Amino acid sequence: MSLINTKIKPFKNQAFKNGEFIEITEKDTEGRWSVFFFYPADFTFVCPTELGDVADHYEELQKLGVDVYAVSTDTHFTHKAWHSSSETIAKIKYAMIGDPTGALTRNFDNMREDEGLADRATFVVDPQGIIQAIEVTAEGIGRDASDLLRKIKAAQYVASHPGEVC
Amino acid sequence: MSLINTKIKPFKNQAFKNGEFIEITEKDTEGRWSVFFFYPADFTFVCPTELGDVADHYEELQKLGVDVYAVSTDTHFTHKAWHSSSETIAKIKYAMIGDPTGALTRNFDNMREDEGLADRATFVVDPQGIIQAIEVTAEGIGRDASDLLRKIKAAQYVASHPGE
Amino acid sequence: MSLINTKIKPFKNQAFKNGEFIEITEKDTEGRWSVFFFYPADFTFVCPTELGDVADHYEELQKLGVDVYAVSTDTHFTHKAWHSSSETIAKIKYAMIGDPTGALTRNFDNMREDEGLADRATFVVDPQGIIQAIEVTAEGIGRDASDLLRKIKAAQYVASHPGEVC
Amino acid sequence: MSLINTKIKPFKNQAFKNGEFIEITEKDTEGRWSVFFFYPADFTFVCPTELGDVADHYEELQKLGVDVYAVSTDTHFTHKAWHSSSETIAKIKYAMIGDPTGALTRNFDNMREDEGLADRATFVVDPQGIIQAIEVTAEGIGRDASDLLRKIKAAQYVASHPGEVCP
Amino acid sequence: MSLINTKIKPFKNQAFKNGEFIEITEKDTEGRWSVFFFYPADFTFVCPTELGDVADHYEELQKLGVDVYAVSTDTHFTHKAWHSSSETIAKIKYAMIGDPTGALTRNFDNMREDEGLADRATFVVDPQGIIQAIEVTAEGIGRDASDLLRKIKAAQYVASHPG
Amino acid sequence: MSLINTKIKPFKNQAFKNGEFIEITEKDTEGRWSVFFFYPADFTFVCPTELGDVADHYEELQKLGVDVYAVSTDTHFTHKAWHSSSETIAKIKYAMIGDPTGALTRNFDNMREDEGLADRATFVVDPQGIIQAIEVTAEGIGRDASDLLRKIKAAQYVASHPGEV
Amino acid sequence: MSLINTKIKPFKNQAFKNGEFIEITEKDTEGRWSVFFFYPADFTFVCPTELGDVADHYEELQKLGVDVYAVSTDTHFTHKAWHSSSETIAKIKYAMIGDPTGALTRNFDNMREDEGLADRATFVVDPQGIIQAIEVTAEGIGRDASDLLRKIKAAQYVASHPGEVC
Amino acid sequence: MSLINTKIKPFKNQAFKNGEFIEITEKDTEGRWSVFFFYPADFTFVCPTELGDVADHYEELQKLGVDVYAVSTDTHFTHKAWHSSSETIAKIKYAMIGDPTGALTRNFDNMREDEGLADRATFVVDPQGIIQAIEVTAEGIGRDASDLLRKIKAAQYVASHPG
Amino acid sequence: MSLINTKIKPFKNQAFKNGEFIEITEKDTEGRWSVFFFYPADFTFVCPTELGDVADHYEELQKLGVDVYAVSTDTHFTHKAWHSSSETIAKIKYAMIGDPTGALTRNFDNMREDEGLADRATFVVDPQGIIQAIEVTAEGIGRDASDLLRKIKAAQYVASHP
Amino acid sequence: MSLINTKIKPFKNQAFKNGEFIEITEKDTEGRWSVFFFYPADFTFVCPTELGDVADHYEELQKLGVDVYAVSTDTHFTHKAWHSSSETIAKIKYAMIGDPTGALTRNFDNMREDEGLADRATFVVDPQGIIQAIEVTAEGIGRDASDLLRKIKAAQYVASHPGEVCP
């Protein structure tokens, strides 16, 4: 099952966003660009650098009409604690979805079954819910947030201008 | 169906114990009394009072030759953070087993499937690996550690002295 | 795969309660707190002490609006004889449910398959039929009735006060 | 579920490389870094700019010790023609693997079933055959060759330095 | 699928006999005539008359080399209590097998599924383990122990005397 | 999975009764006490002492309102010949049901599959069609018809006196 | 399946032959011509005329080296009794095989399922066990024994003279 | 099991009858006595003597009210050629059915599977479609047409006159 | 089982015809004679001589009322490129259907599974959709277009003269 | 799935050939070129013209080392009679296979199931048993023997000359 050019499945998760807890579903992603940013676990060494880089470009992403959704198999309670504890996480103004069931992770075909943790994968989704770009990496290899912007800018261009001349 | 009077299944989990990570297996529970103390999640309101009450009786439990294994579906990385953050958790000198896969939790038939978290349950296991007592409770209801000691002492008595 | 926070399954068993035989069903437990007190068999040494300790606290339980149901694989005819012969059993004013088919014992996942007897297990059930507390013990270990009252009084407090804890 | 951190499956495909036809298998990728670069079809509009960008960095990729394998459902005969006709494809000095059966494309879960063409997907494979980085995009969106070099250089660093990890 | 002229299946039940508990299996019945006397439950009104009638003829059955096995879905603990309380049960010197699992009863296809009790059934078994006679009745109809002796004596005659 | 206290299955068999052939079905048994007296074969040497003993008590059985049905895998044509030949069969006034198909026999779970003959079994059936007593025996062992009357008289009592014995 | 030119199946049946019981099997037919004369039941009106014909021609059949086996679903005990009573049956010196199981009748594909009786069929079998001729008729219609001999003599001719035909 | 006293199955085959081709089905056999005379193949040595015999008695068969159907696995085109060439076949007035699919042959359980031909079988069928007589023989043994008449006359007698 | 005297299955394939791309379906073949001319691949040595031979007789075919459909596992884009580069392919005025999914090829039981290419096979179809003639050959063996016309003229005769 | 470039299945049929009956099996076709010329039935109108046209070129086919096998669902007995009756069939010297079971016909996927006859199909088979050319036609349409020779001469060339290919 290649997920590229396919509609995202429904979900119902608890999240953390700017101090308060909130519920986030597939209804909230409708009519807007979305970025489902998966990562293995909280209180790890590589994850804060990736999430912190997306936080630096979040003003730029919000201007383009793009929501971000940080996802992992930890609870929404853990994300609140990690936000206070870590400095690079504290600057995150976007939602941090908790996925203890692994349902949201299994919808995007991104769980490490033997570990019970989500792989390092980023999914760019359009207003209609269709997955326009995927980027999966190994445990050590980091994801650049400047390339993610280039992909969203490119995805937005082709949506607005289908079948461009060359 | 019932897990009472059955042998515990094999497992392999990472855990946090006294400022250091370790791997814990069924081999580490052999030949000793064990307590698998399940709970839903870290950074919650009810768990610290339960885990803290067992931490206060850990001096007494170690004297009786009893190991304690706190278990939940959070990672072993999360248990290190919660130990540093919370004060009632900081006094826990026993192992805190991380179970992201939920394998250990599903071995003890103690998983909330729709929540992805372990239920509040305590399992007393003897040196041979046989489950001698099970306690399970709802979200609001707390578990008393003095009642756990009463059952472990009763379980130890009948093991050494059958038929009275 | 846990019976905690799940609705009890329907049943139809014959029982003994204060010198007469009666039929008890899941309909009888509706709209009331219930305690299903399983034990292996009649005419044993450890069971009278457990059942006698609950019999001492039955005035307090009936005060709190709680019905007690002693269950074993033995017949309702046997419960009438054990009530007459034994002195610690004679003080039981609550129902002794017979379960020769093992249907009630299997509904609560509490049957010793190779022995054909119920395990020592107590189930606290609320007015809606949801199991709020379980307590299973080995053959040698005894169950404390004072601890049972704490869990019922705890369970009643959380139901009456939603969004609170103990 | 997820092809990340899994071994590549065996294959046998014909390919065009520097004016001659050759057979390529999984044995050829053993003990080496390999990039499997999937794309829809030859004689299309967006595909040559993507492939041409990787051709500009092939001097750098060869220096790191990295094979490049361009893959599509077209035949290896078609790749030779597209090499001659198009200017952007002429500069390519890596293998253009034909996959008319779609076996290589299906091994990486990268087929458009109703269309019969491969999706725009890049896979970075290490010496042991393990997929260390995946990159898929929709029909309109183009892949960046400099970003691929970052991920390969990262992957090479993690392999050579156990314990250490790139942010 | 009739059980007449078929070998009995293996079992492993606990039983009460003469003020002590014992394990009984299929190996004990081998090389001897056996009587598997099923009945519904202990502390009932009509079961003591059936069992007590067999207890009167047990002297004659022991001379003929026949073991009696009273079986029900009650526990072997219950059989001890019913022995002390009732006068008609107190004279039983044969084994009272408890079958709480219902395995022994289900081997002889004699279980009431909806009721969880055994039917009133008598099975005569020869030294080889083959069932030579079956007698099953409803829950108001007794079983004559004199008729059971006649069948055992007939079974012993034809077993020894070929054709 | 026994057949005590279960309703009998339907059937259609030819029978012999007092110098004439007749067809007997489950409808004929409705509302009355019936005895299905199975036996292996005709012209055998386990003398019809079983069938003859029931024939001696048939006058008492007809008083109580009990229809006797002697069933076997042999044909109804055979039963007529065995009735004329044998002295002990000649006194049988009750029906002798033939069952060459073995349908009636397989309904009562009484067929010897390797032999193709019925086992020595006696089923007591009540007015509702419910089996109230079973008595199966081995080849050599006979069946006592005075004992059979005790079971029917006991069965009739518990039917007419509910909630007691 | 067409049974003509196919080997007969194995069997084990009891039979009556000249005032004594015997066991007939497929071994006994080997190296000899055999006739399986099926009929519905004993003590009926049509069959004694059929079996009486074959009894008259048995002198000629034994000269040709042909065994006869009169088969039916009635027992071997009945065939004894029918031999004593009826005059036309009393002159049968060949074997009368009983088949209460129906196994022999079902091997020759000759059972009335709803009646539980064999159909009026005659099978001619050669020394190797191969069926050389089949003759089946309805309840009312009779079989001619003079025609059966003409089929046997034709079958014996083609066996001893391969190539030539009748 | 046996086809005696069973209704014939449906069919739809082409046949040769007196120069011209025709189609024959169940509806043609309805309300009339019928004889399905099977045989292996055309242009063989034994077959024309068997088919020549029934051709001689066809005058008597049509008088009684009987239809003959000669059946084989050869085509209806082949039966026309064999009728012209052979003298013994040329006198056949009855319908020669071709059955290349083997559907009619398999309906009467008369196919030798390894050879793909029909066995030498004769099926007498009454007006209702019920098979009243069967007569099968091996390759060498020839069938007698005078016997067939005796069976038909016997079948017509018992049908018209019971008791 | 044989495909002779059976109805063609539904399809939906893109094609190249006289500069512009088009979609062709089973609806387009209805009420007219049709020729499905399969071959292994584009930019090969033997295929231009076969397709060029049919291109020479397309004047005569269009008179008889037959639509030629050249099918292969290559894309409709590839057919346009091959049409521009080669001279023998440039004279083809009939449709060049692309079948990358292999559905049209697998409908006609004409797929080399291990190679992923169509076998050299020609199918003559009538207005009702029924296959009246089949010609399949090996990799080396070429097909003669003069024979194909004889089959079509024979098929058209027996349809009109039953 | 296609039968082109596939090995023929085993068989055992009786055949008529020059006034005598002979058994023919897959063993007889080994190491030689074989033509399985299927047709529906004997004593038909359009079939003699096809079989007679092959009979004319049979001298040339035997020269090239090619055996012809005329197959149909009629018996080998029927073929003898048709060989004597018809003059166009009398000149056939090749084997006329009788297939009343329909085993040989089903091996080549050539049976009309509802009719119980073979379709008009010619199968050219090489010395190794591999089918090199197929030619199926409808009931009305005839098969040219001159085309069949062209396919056999082309098939013989490519077998003996690796590398080269026919136009």
# chains A, B, ... in the order shown; residues from 1 in each chain; ligands from 1
call {"tool": "calpha_fit_and_write", "arguments": {"fixed": "chain E", "moving": "chain H", "output": "mmCIF file with C-alpha atoms, in the first residue's frame"}}
result
data_model
loop_
_atom_site.group_PDB
_atom_site.id
_atom_site.type_symbol
_atom_site.label_atom_id
_atom_site.label_comp_id
_atom_site.auth_asym_id
_atom_site.auth_seq_id
_atom_site.Cartn_x
_atom_site.Cartn_y
_atom_site.Cartn_z
ATOM 1 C CA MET H 1 -23.653 -43.329 18.195
ATOM 2 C CA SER H 2 -24.128 -46.077 20.828
ATOM 3 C CA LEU H 3 -21.640 -46.697 23.675
ATOM 4 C CA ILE H 4 -22.687 -50.366 24.070
ATOM 5 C CA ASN H 5 -19.764 -52.695 23.188
ATOM 6 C CA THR H 6 -17.197 -49.820 23.294
ATOM 7 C CA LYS H 7 -14.122 -49.240 25.473
ATOM 8 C CA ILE H 8 -14.366 -46.653 28.278
ATOM 9 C CA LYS H 9 -12.367 -43.422 27.856
ATOM 10 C CA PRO H 10 -9.591 -42.211 30.201
ATOM 11 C CA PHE H 11 -10.286 -40.232 33.394
ATOM 12 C CA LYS H 12 -8.637 -38.864 36.553
ATOM 13 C CA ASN H 13 -10.963 -37.955 39.444
ATOM 14 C CA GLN H 14 -10.842 -37.737 43.231
ATOM 15 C CA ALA H 15 -13.254 -39.881 45.268
ATOM 16 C CA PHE H 16 -14.449 -40.573 48.812
ATOM 17 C CA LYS H 17 -14.221 -44.161 50.118
ATOM 18 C CA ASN H 18 -14.521 -45.144 53.818
ATOM 19 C CA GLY H 19 -13.379 -41.936 55.561
ATOM 20 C CA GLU H 20 -10.329 -41.095 53.399
ATOM 21 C CA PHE H 21 -9.933 -39.476 49.956
ATOM 22 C CA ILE H 22 -8.441 -41.376 46.983
ATOM 23 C CA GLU H 23 -7.737 -40.916 43.245
ATOM 24 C CA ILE H 24 -9.361 -43.259 40.673
ATOM 25 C CA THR H 25 -8.278 -43.757 37.017
ATOM 26 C CA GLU H 26 -8.633 -46.291 34.127
ATOM 27 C CA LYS H 27 -5.825 -48.438 35.576
ATOM 28 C CA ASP H 28 -8.032 -49.140 38.636
ATOM 29 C CA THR H 29 -10.860 -50.520 36.426
ATOM 30 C CA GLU H 30 -8.464 -52.801 34.436
ATOM 31 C CA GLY H 31 -8.963 -56.571 34.847
ATOM 32 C CA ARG H 32 -12.093 -56.093 36.998
ATOM 33 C CA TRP H 33 -15.882 -55.780 36.578
ATOM 34 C CA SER H 34 -17.052 -52.204 37.191
ATOM 35 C CA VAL H 35 -20.317 -50.286 37.682
ATOM 36 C CA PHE H 36 -20.507 -46.521 37.063
ATOM 37 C CA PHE H 37 -23.673 -45.478 38.918
ATOM 38 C CA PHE H 38 -24.449 -41.892 37.842
ATOM 39 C CA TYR H 39 -26.949 -39.590 39.597
ATOM 40 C CA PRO H 40 -27.933 -35.845 39.538
ATOM 41 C CA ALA H 41 -26.760 -34.388 42.875
ATOM 42 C CA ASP H 42 -26.194 -34.811 46.613
ATOM 43 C CA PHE H 43 -28.780 -33.680 49.184
ATOM 44 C CA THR H 44 -31.787 -34.631 47.014
ATOM 45 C CA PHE H 45 -34.754 -36.908 47.898
ATOM 46 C CA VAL H 46 -34.729 -39.726 45.281
ATOM 47 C CA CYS H 47 -30.944 -40.366 45.188
ATOM 48 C CA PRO H 48 -30.418 -41.918 48.685
ATOM 49 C CA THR H 49 -32.956 -44.738 48.059
ATOM 50 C CA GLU H 50 -31.155 -45.705 44.806
ATOM 51 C CA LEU H 51 -27.687 -45.544 46.413
ATOM 52 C CA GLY H 52 -29.043 -47.274 49.546
ATOM 53 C CA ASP H 53 -30.221 -50.213 47.386
ATOM 54 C CA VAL H 54 -26.798 -50.914 45.779
ATOM 55 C CA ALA H 55 -25.276 -50.492 49.279
ATOM 56 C CA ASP H 56 -27.428 -53.419 50.524
ATOM 57 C CA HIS H 57 -26.340 -55.624 47.576
ATOM 58 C CA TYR H 58 -22.639 -54.537 47.849
ATOM 59 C CA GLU H 59 -21.903 -57.682 49.898
ATOM 60 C CA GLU H 60 -23.085 -59.793 46.923
ATOM 61 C CA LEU H 61 -21.351 -57.502 44.363
ATOM 62 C CA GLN H 62 -17.909 -57.765 46.036
ATOM 63 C CA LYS H 63 -18.428 -61.560 46.164
ATOM 64 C CA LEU H 64 -18.924 -61.726 42.370
ATOM 65 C CA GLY H 65 -15.849 -59.462 41.964
ATOM 66 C CA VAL H 66 -17.414 -56.105 41.077
ATOM 67 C CA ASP H 67 -16.468 -52.506 41.962
ATOM 68 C CA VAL H 68 -19.160 -49.820 42.289
ATOM 69 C CA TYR H 69 -18.466 -46.168 41.401
ATOM 70 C CA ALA H 70 -21.080 -43.578 42.432
ATOM 71 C CA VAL H 71 -20.603 -40.498 40.212
ATOM 72 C CA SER H 72 -22.028 -36.954 40.286
ATOM 73 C CA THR H 73 -21.096 -33.349 39.422
ATOM 74 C CA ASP H 74 -20.667 -32.468 43.142
ATOM 75 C CA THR H 75 -17.172 -32.409 44.672
ATOM 76 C CA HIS H 76 -15.519 -35.237 46.637
ATOM 77 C CA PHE H 77 -15.658 -32.907 49.680
ATOM 78 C CA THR H 78 -19.478 -32.868 49.389
ATOM 79 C CA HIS H 79 -19.762 -36.689 49.242
ATOM 80 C CA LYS H 80 -17.946 -36.931 52.601
ATOM 81 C CA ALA H 81 -20.467 -34.523 54.199
ATOM 82 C CA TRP H 82 -23.490 -36.345 52.727
ATOM 83 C CA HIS H 83 -22.079 -39.680 54.014
ATOM 84 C CA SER H 84 -22.009 -38.389 57.621
ATOM 85 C CA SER H 85 -25.406 -36.621 57.577
ATOM 86 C CA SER H 86 -27.690 -39.154 55.844
ATOM 87 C CA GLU H 87 -28.327 -42.637 57.307
ATOM 88 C CA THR H 88 -29.006 -44.249 53.898
ATOM 89 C CA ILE H 89 -25.675 -42.906 52.535
ATOM 90 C CA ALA H 90 -23.663 -43.790 55.703
ATOM 91 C CA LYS H 91 -23.876 -47.540 54.848
ATOM 92 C CA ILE H 92 -22.121 -47.004 51.457
ATOM 93 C CA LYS H 93 -18.699 -48.712 51.493
ATOM 94 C CA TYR H 94 -18.010 -48.183 47.744
ATOM 95 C CA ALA H 95 -16.183 -45.231 46.120
ATOM 96 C CA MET H 96 -18.146 -41.994 45.566
ATOM 97 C CA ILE H 97 -16.392 -40.173 42.702
ATOM 98 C CA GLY H 98 -16.624 -36.369 42.456
ATOM 99 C CA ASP H 99 -16.741 -35.026 38.885
ATOM 100 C CA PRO H 100 -16.943 -31.174 38.969
ATOM 101 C CA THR H 101 -15.352 -30.776 35.498
ATOM 102 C CA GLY H 102 -17.895 -33.242 34.057
ATOM 103 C CA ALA H 103 -15.143 -35.066 32.123
ATOM 104 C CA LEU H 104 -16.156 -38.551 33.346
ATOM 105 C CA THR H 105 -19.863 -37.717 32.854
ATOM 106 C CA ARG H 106 -19.311 -36.505 29.254
ATOM 107 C CA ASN H 107 -17.204 -39.634 28.449
ATOM 108 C CA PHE H 108 -20.367 -41.734 29.040
ATOM 109 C CA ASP H 109 -22.646 -39.195 27.208
ATOM 110 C CA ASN H 110 -24.584 -38.587 30.438
ATOM 111 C CA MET H 111 -24.569 -34.794 31.023
ATOM 112 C CA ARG H 112 -27.793 -32.750 31.012
ATOM 113 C CA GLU H 113 -26.143 -29.578 29.717
ATOM 114 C CA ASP H 114 -28.682 -26.904 30.753
ATOM 115 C CA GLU H 115 -28.740 -28.155 34.397
ATOM 116 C CA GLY H 116 -25.042 -29.135 34.686
ATOM 117 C CA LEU H 117 -25.828 -32.467 36.395
ATOM 118 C CA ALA H 118 -25.555 -36.189 35.539
ATOM 119 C CA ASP H 119 -28.567 -38.235 34.351
ATOM 120 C CA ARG H 120 -29.684 -41.350 36.264
ATOM 121 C CA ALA H 121 -27.606 -43.884 34.280
ATOM 122 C CA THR H 122 -25.947 -47.217 35.173
ATOM 123 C CA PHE H 123 -23.007 -48.541 33.086
ATOM 124 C CA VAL H 124 -21.829 -52.144 33.620
ATOM 125 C CA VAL H 125 -18.238 -52.589 32.353
ATOM 126 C CA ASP H 126 -16.237 -55.847 31.944
ATOM 127 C CA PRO H 127 -12.495 -56.514 32.745
ATOM 128 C CA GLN H 128 -11.387 -55.377 29.246
ATOM 129 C CA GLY H 129 -13.237 -52.015 29.610
ATOM 130 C CA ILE H 130 -16.121 -52.866 27.240
ATOM 131 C CA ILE H 131 -19.585 -51.542 28.226
ATOM 132 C CA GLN H 132 -21.882 -54.597 28.432
ATOM 133 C CA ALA H 133 -25.089 -52.920 29.734
ATOM 134 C CA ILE H 134 -26.628 -49.422 30.003
ATOM 135 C CA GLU H 135 -29.709 -48.357 32.012
ATOM 136 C CA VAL H 136 -30.924 -44.725 31.915
ATOM 137 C CA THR H 137 -34.089 -43.303 33.558
ATOM 138 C CA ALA H 138 -35.811 -39.932 34.055
ATOM 139 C CA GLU H 139 -35.722 -37.808 37.244
ATOM 140 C CA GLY H 140 -38.786 -39.396 38.885
ATOM 141 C CA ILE H 141 -38.252 -43.062 37.946
ATOM 142 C CA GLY H 142 -36.036 -44.987 40.394
ATOM 143 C CA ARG H 143 -33.545 -47.713 39.436
ATOM 144 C CA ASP H 144 -33.791 -51.252 40.849
ATOM 145 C CA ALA H 145 -30.580 -52.799 42.267
ATOM 146 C CA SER H 146 -31.889 -56.396 41.968
ATOM 147 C CA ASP H 147 -32.235 -55.849 38.189
ATOM 148 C CA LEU H 148 -28.606 -54.627 38.061
ATOM 149 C CA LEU H 149 -27.377 -57.915 39.597
ATOM 150 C CA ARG H 150 -29.361 -59.961 37.045
ATOM 151 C CA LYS H 151 -27.594 -58.029 34.241
ATOM 152 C CA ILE H 152 -24.143 -58.475 35.850
ATOM 153 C CA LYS H 153 -24.756 -62.229 36.352
ATOM 154 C CA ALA H 154 -25.934 -62.393 32.712
ATOM 155 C CA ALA H 155 -22.830 -60.440 31.589
ATOM 156 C CA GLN H 156 -20.446 -62.666 33.601
ATOM 157 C CA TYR H 157 -22.121 -65.806 32.177
ATOM 158 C CA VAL H 158 -21.763 -64.875 28.476
ATOM 159 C CA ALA H 159 -18.161 -63.676 29.046
ATOM 160 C CA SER H 160 -17.008 -66.902 30.743
ATOM 161 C CA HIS H 161 -19.273 -69.244 28.700
ATOM 162 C CA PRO H 162 -19.601 -68.689 24.927
ATOM 163 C CA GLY H 163 -21.973 -70.856 22.848
#
call {"tool": "select_by_dssp", "arguments": {"residues": "range 1-110 of chain A", "states": "strand (DSSP E or B)", "output": "ChimeraX atom specification"}}
result
/A:7,12-17,20-25,33-38,66-72,95-98
call {"tool": "write_last_selection", "arguments": {"atoms": "N, CA and C atoms", "output": "compact mmCIF listing (two decimals), in the first residue's frame"}}
result
# COMPACT_ATOMS: atom_id res chain seq x y z
N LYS A 7 -6.08 9.47 0.54
CA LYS A 7 -6.71 10.25 1.60
C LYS A 7 -6.35 9.70 2.98
N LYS A 12 -8.75 10.18 16.27
CA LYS A 12 -9.29 10.84 17.46
C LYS A 12 -8.26 10.70 18.59
N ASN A 13 -7.41 11.72 18.73
CA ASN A 13 -6.31 11.72 19.69
C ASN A 13 -6.33 12.93 20.62
N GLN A 14 -5.69 12.78 21.78
CA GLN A 14 -5.48 13.86 22.74
C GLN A 14 -4.11 14.47 22.48
N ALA A 15 -4.02 15.79 22.62
CA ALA A 15 -2.79 16.54 22.30
C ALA A 15 -2.49 17.62 23.34
N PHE A 16 -1.31 18.23 23.20
CA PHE A 16 -0.88 19.36 24.02
C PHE A 16 -0.52 20.51 23.09
N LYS A 17 -1.02 21.71 23.39
CA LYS A 17 -0.78 22.90 22.57
C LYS A 17 -0.92 24.18 23.39
N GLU A 20 -2.64 24.15 27.38
CA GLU A 20 -3.91 23.42 27.56
C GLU A 20 -3.96 22.15 26.70
N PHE A 21 -4.76 21.18 27.14
CA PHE A 21 -5.00 19.95 26.37
C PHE A 21 -6.18 20.15 25.43
N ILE A 22 -6.11 19.52 24.26
CA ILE A 22 -7.17 19.59 23.24
C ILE A 22 -7.33 18.25 22.51
N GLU A 23 -8.51 18.04 21.94
CA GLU A 23 -8.80 16.88 21.09
C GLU A 23 -8.61 17.30 19.63
N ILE A 24 -7.95 16.45 18.84
CA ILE A 24 -7.71 16.72 17.42
C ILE A 24 -8.17 15.52 16.58
N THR A 25 -9.01 15.80 15.58
CA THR A 25 -9.55 14.78 14.68
C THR A 25 -9.26 15.15 13.23
N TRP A 33 -3.83 22.97 4.90
CA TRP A 33 -2.61 22.17 4.78
C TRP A 33 -2.19 21.67 6.17
N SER A 34 -1.68 20.45 6.22
CA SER A 34 -1.28 19.82 7.48
C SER A 34 0.06 19.11 7.33
N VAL A 35 0.80 19.04 8.44
CA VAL A 35 2.09 18.35 8.50
C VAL A 35 2.08 17.42 9.71
N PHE A 36 1.99 16.11 9.45
CA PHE A 36 2.05 15.09 10.49
C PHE A 36 3.50 14.66 10.69
N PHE A 37 4.14 15.22 11.72
CA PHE A 37 5.56 15.03 12.00
C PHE A 37 5.77 13.95 13.07
N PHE A 38 6.06 12.72 12.63
CA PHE A 38 6.28 11.60 13.55
C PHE A 38 7.72 11.56 14.07
N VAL A 66 -0.54 26.47 7.02
CA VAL A 66 -0.13 25.09 7.27
C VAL A 66 -0.08 24.85 8.77
N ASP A 67 -0.84 23.85 9.23
CA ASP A 67 -0.79 23.39 10.61
C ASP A 67 0.30 22.34 10.71
N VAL A 68 0.86 22.19 11.91
CA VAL A 68 1.84 21.13 12.22
C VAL A 68 1.28 20.27 13.35
N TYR A 69 1.53 18.97 13.26
CA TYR A 69 1.08 17.99 14.25
C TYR A 69 2.22 17.04 14.60
N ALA A 70 2.90 17.32 15.71
CA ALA A 70 3.96 16.44 16.20
C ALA A 70 3.32 15.21 16.82
N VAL A 71 3.69 14.02 16.35
CA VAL A 71 3.08 12.78 16.81
C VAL A 71 4.14 11.84 17.39
N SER A 72 3.79 11.18 18.49
CA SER A 72 4.58 10.07 19.03
C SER A 72 3.71 9.17 19.90
N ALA A 95 0.73 21.92 17.91
CA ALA A 95 0.16 20.80 18.68
C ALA A 95 1.11 19.60 18.75
N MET A 96 1.14 18.94 19.91
CA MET A 96 1.91 17.71 20.11
C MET A 96 0.94 16.58 20.46
N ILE A 97 0.64 15.75 19.46
CA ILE A 97 -0.36 14.69 19.59
C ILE A 97 0.23 13.48 20.32
N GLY A 98 -0.49 12.99 21.33
CA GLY A 98 -0.17 11.74 22.00
C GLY A 98 -0.91 10.59 21.34
call {"tool": "residues_around", "arguments": {"residues": "residue 62 in chain J", "least_positions_apart": "6", "cutoff": "10 Å", "atoms": "only C-alpha atoms", "output": "number ranges by chain"}}
result
J: 33, 68, 94
call {"tool": "select_by_dssp", "arguments": {"residues": "range 57-150 of chain F", "states": "alpha helix (DSSP H)", "output": "PyMOL selection string"}}
result
chain F and resi 58-64+76-85+87-90+103-107+145-150
call {"tool": "closest_atom_pairs", "arguments": {"of": "range 117-153 of chain I", "to": "range 23-33 of chain I", "cutoff": "12 Å", "atoms": "only C-alpha atoms", "output": "JSON lines"}}
result
{"residue": "I:123", "atom": "CA", "partner": "I:33", "partner_atom": "CA", "distance": 10.7}
{"residue": "I:124", "atom": "CA", "partner": "I:33", "partner_atom": "CA", "distance": 7.6}
{"residue": "I:125", "atom": "CA", "partner": "I:33", "partner_atom": "CA", "distance": 5.7}
{"residue": "I:126", "atom": "CA", "partner": "I:33", "partner_atom": "CA", "distance": 4.5}
{"residue": "I:127", "atom": "CA", "partner": "I:31", "partner_atom": "CA", "distance": 4.2}
{"residue": "I:128", "atom": "CA", "partner": "I:31", "partner_atom": "CA", "distance": 6.5}
{"residue": "I:129", "atom": "CA", "partner": "I:30", "partner_atom": "CA", "distance": 6.8}
{"residue": "I:130", "atom": "CA", "partner": "I:33", "partner_atom": "CA", "distance": 9.6}
{"residue": "I:131", "atom": "CA", "partner": "I:33", "partner_atom": "CA", "distance": 10.0}
{"residue": "I:132", "atom": "CA", "partner": "I:33", "partner_atom": "CA", "distance": 10.1}
{"residue": "I:133", "atom": "CA", "partner": "I:33", "partner_atom": "CA", "distance": 11.8}
{"residue": "I:152", "atom": "CA", "partner": "I:33", "partner_atom": "CA", "distance": 8.7}
{"residue": "I:153", "atom": "CA", "partner": "I:33", "partner_atom": "CA", "distance": 10.9}
